[PDB]
Amino acid sequence: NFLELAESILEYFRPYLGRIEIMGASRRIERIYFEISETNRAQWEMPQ
Amino acid sequence: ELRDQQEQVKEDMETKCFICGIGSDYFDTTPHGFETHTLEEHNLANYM
Amino acid sequence: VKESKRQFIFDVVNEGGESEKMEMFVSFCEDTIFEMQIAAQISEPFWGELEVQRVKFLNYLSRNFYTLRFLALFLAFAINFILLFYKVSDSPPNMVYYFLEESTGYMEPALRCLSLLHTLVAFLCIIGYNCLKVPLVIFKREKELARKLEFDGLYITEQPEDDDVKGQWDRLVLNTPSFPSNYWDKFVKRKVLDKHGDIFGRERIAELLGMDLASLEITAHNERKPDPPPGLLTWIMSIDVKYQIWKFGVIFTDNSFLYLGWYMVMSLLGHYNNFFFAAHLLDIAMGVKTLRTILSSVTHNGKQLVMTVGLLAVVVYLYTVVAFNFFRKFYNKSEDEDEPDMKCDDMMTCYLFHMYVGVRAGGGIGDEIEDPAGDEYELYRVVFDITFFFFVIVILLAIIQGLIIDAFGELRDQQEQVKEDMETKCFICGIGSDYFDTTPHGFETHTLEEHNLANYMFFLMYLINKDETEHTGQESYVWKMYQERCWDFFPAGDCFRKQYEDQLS
Amino acid sequence: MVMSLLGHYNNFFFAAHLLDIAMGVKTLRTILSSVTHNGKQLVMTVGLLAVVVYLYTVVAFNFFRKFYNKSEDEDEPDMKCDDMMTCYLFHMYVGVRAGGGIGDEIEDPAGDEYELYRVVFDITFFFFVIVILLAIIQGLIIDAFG
Ligand SMILES: CCCCCCCC/C=C\CCCCCCCC(=O)OC[C@H](COP(=O)(O)OCC[N+](C)(C)C)OC(=O)CCCCCCC/C=C\CCCCCCCC
Ligand SMILES: CCCCCCCC/C=C\CCCCCCCC(=O)OC[C@H](COP(=O)(O)OCC[N+](C)(C)C)OC(=O)CCCCCCC/C=C\CCCCCCCC
Ligand SMILES: CCCCCCCC/C=C\CCCCCCCC(=O)OC[C@H](COP(=O)(O)OCC[N+](C)(C)C)OC(=O)CCCCCCC/C=C\CCCCCCCC
Ligand SMILES: CCCCCCCC/C=C\CCCCCCCC(=O)OC[C@H](COP(=O)(O)OCC[N+](C)(C)C)OC(=O)CCCCCCC/C=C\CCCCCCCC
Ligand SMILES: [Zn+2]
Ligand SMILES: [Zn+2]
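Chains as they are written, first to last, in UniProt numbering: chain U, 4165 to 4212; chain Z, 4940 to 4987; chain S, 4213 to 4257, 4538 to 4585, 4624 to 5035; chain L, 4794 to 4939.
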């Protein structure tokens, strides 16, 4: 229900919400969340 | 030989994850599981 | 239909994506359903009598379209066989006179009759194509336009790229009363209006799509049914000029229609000069399946072949530059000493000489130009000849041969890959055959009864044909998902057996 | 057996029995299965070659007749595109076997009103018939091996 309420914010921030998986210090797989910049995303999309 | 190398690259990228090396059969247990894994969970662009 | 299914499976497996696999499958199912409707329509069972006779004639042409094409090919071959007996002379049978040289004397009338028959059959082929295959072209175009309108706002939230001619031309049909004439969905305009009305304005959307809400409401409130007697004037008023213009643009842009029109034009020119009928022998490439496959081998790497010819031209030009600058004296192609005939006295002439003679020479330009033995530039010029032979005659022609051979190999590999995929995994759910074969012939039973492609297409047809008020719960669920173009109801990595593995065992 | 019997009528009919090596030797049988694997495509390729050469013959018969004199003495000409059947035979027989195509055999077009048209004629003949179609035959055999 909370996610449904926050749908608009999540949709807005979807292109900038980067997530990766690492083998963390806890000896378990962990998911890391971070911010991707619009300039970086556009540069990555550039064709070269 | 060049054609075979291109085909091998395509087959590998379609069959196993570039990061963890797990086959697509394990991920496809859920609908479009391999696609979601390679787009959101172990995305190369996200690691970069 | 089996050939269409085979082609669709090949295309999906070779140049298809997993995400778009089910979208492609549903589009193929829709096309197959429309073709089935056309086949049922054309299948066999004073103004009215004339109309029924016209409809029967058009149905006959549509049914026998392919037989007509084979007949056209046979007539072309007969005409060209007769043309083989053609001769030229100075005297009637400065001015030169062409005529048939035959003993029996029956060949000229036979040629005229066959030419007339060929022109008639070409015209009938055009009509049969228009009646049989154009409807599917219009159906696909209309349905693609409707989907782009509803799910992309291609003319509401965005616009065509302005380099894509298809979108610009399709702009003509949006407001026409009969825009969805072949595509069965008659609620496309209402769906688009309900989807994009609020953000971009109901009035703006209605103006774009040529619909009048006030008229809709008035018609709902009360009914007025003026129907004039059928007549030519009524029909003329009924025709939709804008829609017809758009449809004819689409048809005249269609490739196969253009080919058939060119066939007809060449057939007509054959009456101006009989030898124009030789152009119709090129139809064997389209007609014979084996020849079509062989020529697809050549056209598979056609771009690379053209670029290779261009590279050959550039290399020969470089050789021409070197020859024009240093080896001019060796290019005398005249025997009499009084009148020389030089080829590298000007760059254009020598480039023509190289490209024309040296490339076709077995050993290269050295086969044709003067022998350099006992000359100050003998070693330079033998290096010139040897490198020309190696790079042009050996390497580049080897590249062309290799491109053709690799095209053969690539096509064979693609067919093998399609076969292997279809034998190893289920097209629908993607589960491997090893899981299913746990029971005797389990994979065969799964692909024949559980996840049958034909059954999915038949279900789509049955759902479309059934009235929405009669749908069961499951049918309503699938119908709603289909209307939304959500393909989540297709099993993916799951099946009945996997779902109930414990109980089924 | 029938050829063996005919060998007694004429001894040279016994040469036909040398064809038995194809059936007898396993290596030869495999090699020849390589050729017969795409035999239908090979036959259709030869047919396509015939049709293309016929189109070239039509063009030559209509426009390039004067270049087909194969006689040296000026008193007696020996023309090949003075009739369609003769010129089709000439093309299929000489141009296909020529290393550079029909241009190797017909008269030199330098200094003629149709020089460019005729060099295009020769070059396209060489490219389509000598280079491409023969490349198709070679590729069919190689692909059969593969
Ligand atoms: C899908 C592929 C699209 C491309 C197809 C290209 C087709 C090639 C041809 C022609 C262009 C079409 C328009 C030409 C019309 C010009 C009119 C014309 O032509 O009028 C001049 C003479 C007519 O004859 P006449 O003056 O004696 O008068 C006869 C009767 N009277 C005596 C009444 C005066 O012309 C003649 O004679 C013509 C003699 C016959 C010419 C050869 C016929 C063509 C055969 C083979 C070529 C194949 C090329 C294939 C293209 C490559 C595709 C891979
Ligand atoms: C895919 C590969 C494409 C291949 C491209 C074409 C390859 C053609 C190859 C080889 C030909 C070798 C011989 C070249 C020169 C021999 C003549 C020579 O040596 O005479 C010495 C001259 C004397 O001058 P002059 O009084 O006679 O005329 C001066 C002014 N004029 C020229 C108009 C009056 O000295 C001079 O001028 C010096 C002038 C500078 C020389 C430039 C020549 C460069 C050409 C090719 C380089 C590589 C060739 C060998 C490797 C094979 C290719 C892989
Ligand atoms: C299962 C696959 C079947 C495909 C192959 C079929 C075989 C092709 C050949 C021949 C069929 C013969 C049928 C007609 C025979 C009639 C008899 C005849 O013909 O009698 C005329 C002369 C005989 O001589 P004479 O008049 O001096 O009488 C000398 C005696 N006295 C002095 C009594 C007067 O005939 C001669 O001379 C004959 C001289 C020898 C001719 C060459 C023999 C064949 C050799 C190489 C070609 C093999 C064919 C391979 C092509 C297909 C492979 C894919
Ligand atoms: C897989 C592909 C198979 C290849 C098929 C064979 C292609 C062979 C190719 C090229 C040859 C180029 C030159 C063709 C024409 C040169 C002659 C010319 O230019 O003379 C202009 C004439 C002047 O009239 P006239 O006084 O001589 O009367 C003529 C009346 N008669 C004909 C009986 C006396 O004008 C006219 O007749 C206009 C007549 C209409 C022109 C018909 C010729 C079209 C032939 C080929 C299509 C394009 C070839 C280039 C593309 C390469 C192939 C991809
Ligand atoms: Zn992974
Ligand atoms: Zn399945």
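Idealized CB from N, CA, C, for every residue including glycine.
Inter-residue CB distance, residue i and residue j (contact presumed, cutoff 8 Å)
i	j	result
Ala-4808 (chain S)	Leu-4575 (chain S)	7 Å
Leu-4811 (chain S)	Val-4844 (chain L)	5 Å
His-4981 (chain S)	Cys-4956 (chain S)	5 Å
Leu-4654 (chain S)	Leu-4553 (chain S)	6 Å
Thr-4968 (chain Z)	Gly-5023 (chain S)	5 Å
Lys-4755 (chain S)	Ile-4668 (chain S)	That belief does not hold up - the Cβ atoms of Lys-4755 (chain S) and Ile-4668 (chain S) are roughly 29 Å apart, past 8 Å.
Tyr-4861 (chain S)	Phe-4918 (chain S)	About 14 Å separates the two Cβ atoms, so there is no contact after all.
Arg-4732 (chain S)	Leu-4746 (chain S)	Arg-4732 (chain S) to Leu-4746 (chain S), Cβ: 12 Å. No contact.
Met-4187 (chain U)	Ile-4193 (chain U)	6 Å
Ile-4934 (chain S)	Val-4828 (chain S)	6 Å
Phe-4240 (chain S)	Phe-4549 (chain S)	With 8 Å as the limit, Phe-4240 (chain S) and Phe-4549 (chain S) do not qualify as a contact, their Cβ atoms being about 32 Å apart.
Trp-5009 (chain S)	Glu-4998 (chain S)	7 Å
Buried versus exposed, by CB contacts within 10 Å (16 or more), residue i
i	result
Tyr-4802 (chain L)	exposed
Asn-4985 (chain S)	exposed
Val-4839 (chain L)	exposed
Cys-5025 (chain S)	buried
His-4726 (chain S)	buried
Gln-4947 (chain Z)	exposed
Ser-4797 (chain S)	buried
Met-4837 (chain L)	buried
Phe-4782 (chain S)	exposed
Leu-4675 (chain S)	buried
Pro-4707 (chain S)	exposed
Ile-4916 (chain S)	exposed
Near ligand 4: residue i beta-carbon under 7 Å from a heavy atom
i	result
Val-5008 (chain S)	no
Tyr-4907 (chain L)	yes
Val-4924 (chain L)	no
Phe-4860 (chain L)	no
Cβ-heavy atom distance, residue i to ligand 6, below 7 Å
i	result
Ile-4221 (chain S)	no
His-4971 (chain Z)	no
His-4981 (chain S)	yes
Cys-4241 (chain S)	no
Residue i beta carbon near ligand 3 (any heavy atom closer than 7 Å)
i	result
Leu-4812 (chain L)	yes
Residue i CB to nearest heavy atom of ligand 5 below 7 Å
i	result
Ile-4184 (chain U)	no
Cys-4956 (chain Z)	yes
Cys-4959 (chain S)	no
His-4726 (chain S)	no
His-4976 (chain Z)	yes
Near ligand 7: residue i beta-carbon under 7 Å from a heavy atom
i	result
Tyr-4628 (chain S)	Of the ligands this structure carries, namely ligand 1, ligand 2, ligand 3, ligand 4, ligand 5 and ligand 6, none is ligand 7.
heavy atom of ligand 1 below 7 Å from residue i C-beta
i	result
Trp-4792 (chain S)	yes
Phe-4920 (chain L)	no
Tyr-4802 (chain S)	yes
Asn-4572 (chain S)	no
Within chain A, partners of residue i - CB distance below 7 Å
i	result
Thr-4838 (chain L)	Absent here is chain A; the protein component of the structure consists of chains U, Z, S and L.
beta-carbon residue i near ligand 2 non-hydrogen atom, thresh 7 Å
i	result
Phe-4807 (chain L)	no
By the 8 Å beta-carbon criterion, what residues does the stretch 4167-4193 of chain U contribute toward chain Z?
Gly-4182, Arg-4183, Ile-4184 and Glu-4185
For the stretch 4843-4862 of chain L, which residues have a beta carbon sitting closer than 8 Å to at least one beta carbon of chain S?
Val-4844, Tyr-4847, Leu-4848, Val-4851, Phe-4854, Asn-4855 and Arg-4858
Whole alpha helix (DSSP H) runs in the stretch 4639-4712 of chain S with 4 or more residues, listed along the chain?
4664-4682 and 4695-4700
Tell me the start and end of each unbroken beta strand (DSSP E) in the stretch 4713-4795 of chain S that is at least 3 residues and wholly inside, in chain order.
Listed in chain order, nothing qualifies, since the stretch 4713-4795 of chain S has no complete beta strand (DSSP E) run of 3 or more residues.
The stretch 4893-4915 of chain L: positions lying closer than 8 Å to chain S by Cβ:
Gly-4893, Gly-4894, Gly-4896, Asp-4897, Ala-4903, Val-4912 and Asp-4915
Identify each residue in the stretch 4865-4878 of chain L for which the Cβ-Cβ distance to at least one residue of chain S is less than 7 Å, and report them in chain order.
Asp-4875, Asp-4876, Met-4877 and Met-4878
Contact residues within the stretch 4921-4952 of chain S, judged by C-beta distance below 8 Å to chain Z:
Considering only beta carbons, the part of the stretch 4921-4952 of chain S lying closer than 8 Å to chain Z consists of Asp-4936, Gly-4939, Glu-4940 and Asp-4943, in chain order.
Please go through the stretch 4901-4926 of chain L and give each complete beta strand (DSSP E) segment of 3 or more residues, from N-terminal end onward.
none
Contact set between the stretch 4965-4984 of chain Z and chain U, restricted to residues whose Cβ is under 8 Å from the partner:
Within the stretch 4965-4984 of chain Z, the qualifying residues are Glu-4979, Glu-4980, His-4981, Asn-4982 and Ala-4984.
Length-filtered (4 minimum) alpha helix (DSSP H) runs lying within the stretch 4980-5033 of chain S
4983-4995, 5003-5013 and 5026-5029
Near-chain Z residues of the stretch 5009-5033 of chain S - C-beta to any C-beta below 8 Å
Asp-5018, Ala-5022, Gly-5023 and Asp-5024
Return the residues of the stretch 4216-4236 of chain S that lie within a Cβ-Cβ distance of less than 8 Å from chain Z, sorted by chain order.
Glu-4230 and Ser-4231
Identify each residue in the stretch 4804-4817 of chain S for which the Cβ-Cβ distance to at least one residue of chain L is less than 7 Å, and report them in chain order.
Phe-4805, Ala-4808, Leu-4811 and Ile-4814
Output needed in chain order: residues of the stretch 4747-4780 of chain S with a Cβ under 9 Å from some Cβ in chain Z.
With the criterion set as a beta carbon lying under 9 Å from some beta carbon of chain Z, the stretch 4747-4780 of chain S has no members that meet it.
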